[PDB]
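Participant: Those sequence lines, one after another, are chains A, B, C, D, E, F, G and H. When you line the first sequence up against our numbering, it's residues 123 to 303, in that order. When you line the second sequence up against our numbering, it's residues -14 to 127, in that order. When you line the third sequence up against our numbering, it's residues 3 to 44, in that order. When you line the fourth sequence up against our numbering, it's residues 947 to 1112, in that order. When you line the fifth sequence up against our numbering, it's residues 3 to 109, in that order. When you line the sixth sequence up against our numbering, it's residues 77 to 85, in that order. When you line the seventh sequence up against our numbering, it's residues -4 to 103, in that order. When you line the eighth sequence up against our numbering, it's residues 101 to 204, in that order. The structure follows.
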Amino acid sequence: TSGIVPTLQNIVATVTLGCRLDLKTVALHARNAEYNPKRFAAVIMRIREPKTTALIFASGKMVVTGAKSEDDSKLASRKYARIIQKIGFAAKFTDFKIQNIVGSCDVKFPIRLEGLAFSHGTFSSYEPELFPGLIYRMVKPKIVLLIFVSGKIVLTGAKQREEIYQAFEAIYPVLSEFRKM
Amino acid sequence: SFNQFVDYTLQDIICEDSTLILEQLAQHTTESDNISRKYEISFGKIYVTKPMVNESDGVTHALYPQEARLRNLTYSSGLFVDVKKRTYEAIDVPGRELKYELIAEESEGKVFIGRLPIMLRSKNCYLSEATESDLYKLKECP
Amino acid sequence: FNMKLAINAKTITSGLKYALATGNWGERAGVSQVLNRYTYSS
Amino acid sequence: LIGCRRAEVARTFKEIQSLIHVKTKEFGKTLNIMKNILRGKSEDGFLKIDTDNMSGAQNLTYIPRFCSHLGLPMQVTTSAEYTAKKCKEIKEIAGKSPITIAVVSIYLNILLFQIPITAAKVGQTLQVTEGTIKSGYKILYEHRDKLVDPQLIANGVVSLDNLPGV
Amino acid sequence: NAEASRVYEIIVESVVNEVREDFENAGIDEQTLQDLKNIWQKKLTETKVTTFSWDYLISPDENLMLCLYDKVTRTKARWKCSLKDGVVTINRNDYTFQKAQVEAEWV
Amino acid sequence: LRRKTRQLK
Amino acid sequence: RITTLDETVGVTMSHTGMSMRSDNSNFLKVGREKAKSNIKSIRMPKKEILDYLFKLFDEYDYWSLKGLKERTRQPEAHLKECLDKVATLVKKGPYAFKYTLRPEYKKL
Amino acid sequence: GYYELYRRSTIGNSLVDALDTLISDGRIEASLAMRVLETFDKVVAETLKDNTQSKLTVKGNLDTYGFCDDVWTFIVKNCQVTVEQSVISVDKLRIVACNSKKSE
């Protein structure tokens, strides 16, 4: 069991539109759009009321980042499709797939991370001179975890809620056993 | 002979082949690249240290001949040279003699060139300036 | 360019140690011998 | 670096990258790939117990090399070793890198034994920003009795009042 | 501003100085250099800005200027830029500068 | 067809 | 006489081999000063590319691939796709490994 | 050849309406007007950087940004600026910027 349910902060999804898009026309006609052809071969935009960022490519694939939940990404994709329809192009929701879900949580006790890396070494790799957070790669499900000495645990690489929830439920008893001071 | 070799002959050997010059021409594949470079490295003075030893973990401590004999180490001293680097550039055009000028990038500069083994009771060993009771303190025969 | 890779101290160190350890001088034999510590006159 | 960490003679990242001109990205990813494949080969072949040989921090091994580069006496080296060992107990410095915690412990023991060297010289030799050393000294200034070795003050060679104020 | 006034004066002096030979290459009379002056600063007296001694889409009496930048640092909220070498106007008052640090918090 | 580096005695 | 360093041996070995002091001298840092130049370009329309190519073959008949890349600033794939339609490379002549215009466009 | 950003200035639109009056009068042709605008932009770009000494800072809140055709556009509302002090607020302002790399 866990006393606190982790909350999400970024959901990344993709939608294919099945159409050809011109980057210059959507860079000039749209308001909040940026295009650096010398740097990145796509146009970048974002909207505020879900606070989500769209990577719009020339092949009709586009990527939504910065969504807190699934419905926020859904309404962001709806308004992005409205923007494409109203800007002078024809697009349709041919396929929409959520591909990344992250979340953060706190346990509110210090964790002896050296003993954690000594015990659960086959799934974890520690290198504090590069990054102070332990990188834990659990085999089922495919969720990576960033572990910190302050108790802040970051779960990354999810697709739905059950896998990240069961990942935290599995990582709670092996992390609550470590106490410092 | 060992004092003569350390104090005088080392410096002569360094000063014999101190200058080493590498030359790079214009690389005339395009008209914008017509610069000739000349990189000269010169070994200056040589400094010989007191005998020491580095450990497995990089820890270096001064080595004494009794400790060297017991631990199967080598009673050697490091040698450093003051290397000076000079980079010269010139406009490479045909029909004109090349005139190289300094780029004012001269970094200086002891660099490790090797451990010269030290003959005991030379001008470099620890036992040279040791007195009698000091020499029994180091577990050596007077 | 690396100055540490420019000068390999182990060339001189290994040359001196091989010439003093074994009897071979260079790269005459038996130039360097193990010291005969049987008596003081020896 | 795997060979260094295998024989309890482990080195750091900065001195490896000083010799090989390689970026941190591919070096870290290659390190992870090496560790995973060597653990897989050990599981397939002869299994080996870690018993703290590829530990991430390993700050106890970086003390005497930096002390020798600073030319400190070996008693100061042992005192800084005790300080680095006791830094595992403090929860406020647990997330710090082993290099910075080793440097600040060494500087604290230098100020404890009144070794006449400056923090600027330590920062120049060990390539650490003086602000990080000052922050580590400030956060370890409150932890006096938890870092100073008790038999050192029992022998009276050091005292708590030698530390300059913050 | 007196500084912007003298900058505008030396700008218009340099403009009417450097182009006279190119205008004479066209074969026009020298009085073309004269009357084109007279329509200029009088229009400046019609500008009344500087004192002269002479549902979501992109869709005079408006505040605008042009300038040059070097680097733009963008964060999650801040939008800092090292804006350089332009002329600004505020409430119909033109000013000249070297460097401006523009930043604004994203909503 | 050039020689790039060369030795200057 | 030779000079004997009277300081601590560890200070001398601080600069030895593994030294986490980073190297700072700019002597022969050619890899650093020629890896900072990067070429980036996109797919502009073909007509201006073909006009500029015809202008540069009218300037001189023979060019190399790297010279064309540093002149017209094109991706290698798109420059190859524009070149092979209207030009060809010499295989065995004295001007080999150099792109030149097709024989039908010589008289134009 | 520099960027063609300078058309929207008060001296810029003064020049474009002046050349419109010349075109209506028919004593100055078209390409002559384009090249004299080009050398006008050249002269003002060369002479704007050398003989001035003042500064300012800007404190505002943006609403819309964009980066297209290798130029930057910003709109800022309720912004605050300082003279060389003296401060005054601006209800609406638009910023158009071009890269420091020179074209052509």
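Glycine included, C-beta positions come from ideal geometry on N, C-alpha and C.
From A/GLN207 to A/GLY255, what does the alpha carbon distance come to, in whole angstroms?
Facilitator: When rounded, the distance between both Cα atoms is 44 Å.
Participant: Enumerate in chain order the residues of its own chain whose CB-to-CB distance from A/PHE245 is below 8 Å, with the five nearest sequence positions on each side excluded.
Facilitator: Contacts found: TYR258, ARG259, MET260 and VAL261.
Participant: Evaluate D/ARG957 with the Cβ neighbour count: other Cβ atoms within 10 Å of its Cβ, from every protein chain shown; 16 or more gives buried, anything less gives exposed.
Facilitator: Flag for D/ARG957 reads buried.
Participant: Go through its chain and collect everything with a Cβ distance to D/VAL1022's Cβ below 6 Å, but skip five positions before and after it.
Facilitator: Only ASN1055 and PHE1059 meet the Cβ criterion.
Participant: Between the alpha carbons of B/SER17 and G/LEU78, how many angstroms are there, rounded?
Facilitator: About 25 Å.
Participant: So what does A/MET167 bridge to, in DSSP terms?
Facilitator: A/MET167 is bridged to A/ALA155 and A/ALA176.
Participant: Taking E/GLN100 and E/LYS86 to be in contact with their CB atoms under 8 Å, please state how far apart those CB atoms are, rounded to whole angstroms.
Facilitator: Yes, E/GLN100 and E/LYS86 are in contact; Cβ-Cβ is about 7 Å, under 8 Å.
Participant: Look at the Cβ atom of H/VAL176, then the Cβ atom of H/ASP163, and state whether they are nearer than 9 Å.
Facilitator: Contact flag set, yes.
Participant: Just list the beta strand (DSSP E) runs in the stretch 16 to 94 of chain E, keeping only unbroken ones of 3 residues or longer that don't cross its boundaries, in chain order.
Facilitator: Counting whole runs of 3 or more residues, the stretch 16 to 94 of chain E contains the beta strand (DSSP E) stretches 66 to 76, 81 to 86 and 89 to 91.
Participant: Exposed or buried, D/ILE979, counting other C-beta atoms within 10 Å across all chains shown (16 or more means buried)?
Facilitator: With fewer than 16 other Cβ atoms within 10 Å, it is exposed.
Participant: Check A/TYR294 in the structure and name its three-state DSSP category.
Facilitator: Residue state, collapsed to three classes: helix.
Participant: Taking the alpha carbon of D/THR1064 as the point to measure from, which residue in D/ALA1040, D/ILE1047, D/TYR1028 and D/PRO1110 has its own alpha carbon closest?
Facilitator: When each option's Cα is compared against that of D/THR1064, the closest is D/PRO1110.
Participant: Assign B/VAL96 to one of three DSSP states: helix, strand, or coil.
Facilitator: Strand, per DSSP.
Participant: Thinking just about the alpha-carbon of each residue, which of A/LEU235, A/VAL148 and A/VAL224 is nearest to the one in A/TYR287?
Facilitator: Comparing Cα positions, the closest option is A/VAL224.
Participant: Over what stretch of residues does the alpha helix (DSSP H) that includes A/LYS196 continue unbroken?
Facilitator: First-last of the alpha helix (DSSP H) with A/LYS196: 192 to 209.
Participant: Can you tell which of G/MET15, G/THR(-1), G/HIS10 and G/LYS75 has its C-alpha closest to the C-alpha of D/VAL1074?
Facilitator: Here the closest residue by C-alpha is G/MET15.
Participant: Name the DSSP bridge partner or partners of D/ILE1056?
Facilitator: D/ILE1056 pairs with nothing; no bridge assigned.
Participant: When the cut-off is 9 Å and only beta carbons count, does A/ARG204 lie next to chain H?
Facilitator: By this cut-off, A/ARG204 is not an interface position.
Participant: Whether or not the stretch 211 to 229 of chain A and the stretch 138 to 147 of chain A are in contact is what I'm after, with contact meaning three or more pairs of Cβ atoms, one per stretch, closer than 8 Å; do they touch?
Facilitator: Enough Cβ pairs lie closer than 8 Å, so yes.
Participant: From what residue to what residue does the alpha helix (DSSP H) around G/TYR94 run?
Facilitator: Where G/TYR94 is concerned, there is no enclosing alpha helix (DSSP H), although the beta strand (DSSP E) it sits in stretches over 94 to 96.
Participant: Spell out whether any CB of chain A is found under 9 Å from the CB atom of H/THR147.
Facilitator: Not closer than 9 Å to any Cβ of chain A, the Cβ of H/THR147 fails to qualify, so no.
Participant: Do A/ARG204 and A/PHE300 have their beta-carbon atoms positioned less than 9 Å apart in this structure?
Facilitator: The answer is no: Cβ separation not under 9 Å.
Participant: Please report how far the alpha carbon of B/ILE76 lies from the alpha carbon of H/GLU204, in whole angstroms.
Facilitator: C-alpha separation (whole angstroms): 28 Å.
Participant: Quick one: which residues of the stretch 42 to 57 of chain B get their C-beta closer than 9 Å to a C-beta of chain D? List them in chain order.
Facilitator: Hits within the stretch, in order: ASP42, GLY43, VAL44, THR45 and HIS46.
Participant: Check each candidate in A/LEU268, A/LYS160, A/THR174 and A/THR147 and name the one with the smallest Cα separation from A/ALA180.
Facilitator: Of A/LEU268, A/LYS160, A/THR174 and A/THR147, the residue nearest in Cα terms is A/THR147.
Participant: I want to verify the contact list: residues of chain H whose CB lies under 8 Å from the CB of E/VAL18, in sequence order.
Facilitator: Residues of chain H passing the Cβ test: none, with the nearest at roughly 10 Å.
Participant: List the residues that DSSP assigns as beta-bridge partners of D/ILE1045.
Facilitator: Its beta-bridge partners do not exist; DSSP assigns none.
Participant: How far does the beta strand (DSSP E) with H/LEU193 in it extend, from its first residue to its last?
Facilitator: Here the beta strand (DSSP E) through H/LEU193 covers 186 to 198.
Participant: I want to verify the contact list: residues of chain A whose CB lies under 9 Å from the CB of H/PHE167, in sequence order.
Facilitator: Correct list: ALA149, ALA155, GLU156, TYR157, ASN158 and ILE166.
Participant: Go ahead and pull the three-state DSSP assignment for B/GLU74.
Facilitator: Note: B/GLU74 maps to strand in three-state DSSP.
Participant: Considering only residues of the same chain and omitting the five flanking positions on each side of H/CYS179, which have a CB-CB separation below 8 Å?
Facilitator: Excluding positions up to five away in sequence, the list reads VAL158, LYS159, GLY160, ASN161, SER189, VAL190 and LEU193.
Participant: Considering only C-alpha positions, which residue in the set D/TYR1008, D/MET1000 and D/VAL1104 is nearest to D/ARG952?
Facilitator: The residue with the shortest Cα to Cα distance from D/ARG952 is D/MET1000.
Participant: Count the C-beta pairs between the stretch 44 to 53 of chain G and the stretch -1 to 13 of chain G that are closer than 8 Å, then say yes if the count reaches three, no if not.
Facilitator: At 8 Å Cβ cutoff, the stretches do not touch.
Participant: Does the Cβ of H/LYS202 have 16 or more other Cβ atoms within 10 Å, making it buried, or fewer, making it exposed?
Facilitator: Exposed, by the Cβ-count rule.
Participant: Excluding the five sequence neighbours on either side, which residues of its own chain have a C-beta within less than 8 Å of the C-beta of E/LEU70, listed in chain order?
Facilitator: Closer than 8 Å at the Cβ level, and outside the excluded window around E/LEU70, lie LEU85, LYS86, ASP87 and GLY88.
Participant: May I ask you to list, following chain order, the residues of the stretch 959 to 970 of chain D that have a beta carbon less than 9 Å from some beta carbon of chain G?
Facilitator: Here the close residues are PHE959, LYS960, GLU961, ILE962, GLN963, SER964, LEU965 and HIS967.
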